[PDB]
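Single chain ahead, written as structure tokens, the form deposited in one PDB entry.
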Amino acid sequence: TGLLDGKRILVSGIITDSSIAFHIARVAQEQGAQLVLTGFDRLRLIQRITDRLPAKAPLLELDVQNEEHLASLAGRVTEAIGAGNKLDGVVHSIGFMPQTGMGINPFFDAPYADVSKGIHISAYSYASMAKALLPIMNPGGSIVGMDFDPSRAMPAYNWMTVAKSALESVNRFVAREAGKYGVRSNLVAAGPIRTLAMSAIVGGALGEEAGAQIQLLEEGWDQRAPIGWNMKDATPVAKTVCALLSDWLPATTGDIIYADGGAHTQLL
């Protein structure tokens, strides 16, 4: 068996072994999937990381902001998996926001050029990935994106939060197009995970106050979550992502699935 047995799935956004995408790709492999990986800048460095995965997988360059990479991508992808074969799953684990639009810089001081870049990479990218890949997706297929609940404003995240609100709106439209191909589109809203950017600020990068704000945020999460929340374990969210890649949520699309320990359902 295996939840994802003989499914060909693309996974983007692995940069380190702490990346959420990394564990997705691992659990997918643990579970009988056959992957195709995308990388962004330091591929040789990335390639170095993905070797640590339980199975080998093709690594492709994908700068989401490059139109040519996008146009060429399905071709480049089909070559890697064999003609007369298509993808069954796609995972979008891509995000970025300049420190001017996130962290300690005041909310009003973020220049739209920085914000437009963050939105380009964090929201629009979900459609442009979906536009590129849907022609080579099999009916019954699934696209999963990574969300962080933006329904209420929170202190540090600022413009990333605004970007996530847009991504949520975008997923809904993508589900409309994806429907034509019999493909589902959903976001997983994860609670906070100790990935390097998160790890950097809890470590004290950018000051002690910002790290205590974040720890206050992390503390509140595990508190509110009736089954707790472990910033250090990215596996429960990866299992959730795989569930949406599987055939076990066949009637769910344009939706958001909350992998946060139930934090978002409790006030305190």
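Only residues modelled in both forms are compared. If you superpose the two forms and keep the largest set of C-alpha atoms that fall within 1.5 Å, you have the rigid core. Just count from 1 along the sequence shown to find any residue number.
> For the higher mean C-alpha B factor in the entry, choose 1-9 or 258-266.
So the stretch with the higher mean C-alpha B-factor is 1-9.
> Using only C-alpha atoms and the B-factors in the entry, which stretch averages higher, 164-172 or 94-102?
The deposited B-factors put 94-102 ahead on the C-alpha mean.
> Highest CA temperature factor in the entry: which of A80, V115, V188, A156?
Comparing C-alpha B-factors across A80, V115, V188, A156, the top value belongs to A80.
> Could you look up the Cα B-factor of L45 in the entry and say which third of the chain it sits in: lowest, middle or highest?
Within its chain, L45 is a highest-third residue by C-alpha B-factor, going by the deposited values.
> Of the three thirds of its chain by CA temperature factor, lowest, middle or highest, which one includes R194?
For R194, whose C-alpha B-factor we compare with every modelled residue in the chain, the answer is the highest third.
> How does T16 rank on Cα B-factor within its chain, lowest, middle or highest third?
It belongs to the middle third of the chain when residues are ordered by C-alpha B-factor.
> Thinking about Cα B factors across the chain, which third does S128 belong to?
Middle third.
> In terms of the CA temperature factor given in the entry, to which third of its chain does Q215 belong: lowest, middle or highest?
Highest third of the chain for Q215's C-alpha B-factor.
The discussion below concerns the form deposited in another entry, not included here.
> Select from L70, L53, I201, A243 the only position whose Cα moves 2 Å or more between this form and the one not shown when the core is aligned.
Going through each option, the one that shifts is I201.
> Would you say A212 moves its Cα by 2 Å or more between this form and the one not shown, aligning on the core?
Result for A212: yes, a 2 Å-plus shift.
> Closer or farther: how do the CA atoms of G203 and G13 lie in that other deposited form, compared with the form shown, if the change is at least 3 Å?
Closer, not farther.
> Just to spell it out: taking the C-alpha atom of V202 and the C-alpha atom of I15, is that distance smaller or larger in that other deposited form than in the structure shown here, given it changes by 3 Å or more?
Nearer in that other deposited form, by 3 Å or more.
> Relative to the superposed rigid core, which consecutive-residue segments of length 3 or more display CA displacements of 2 Å or more between this form and the one not shown?
Core-superposed, the single displaced stretch is 196-218.
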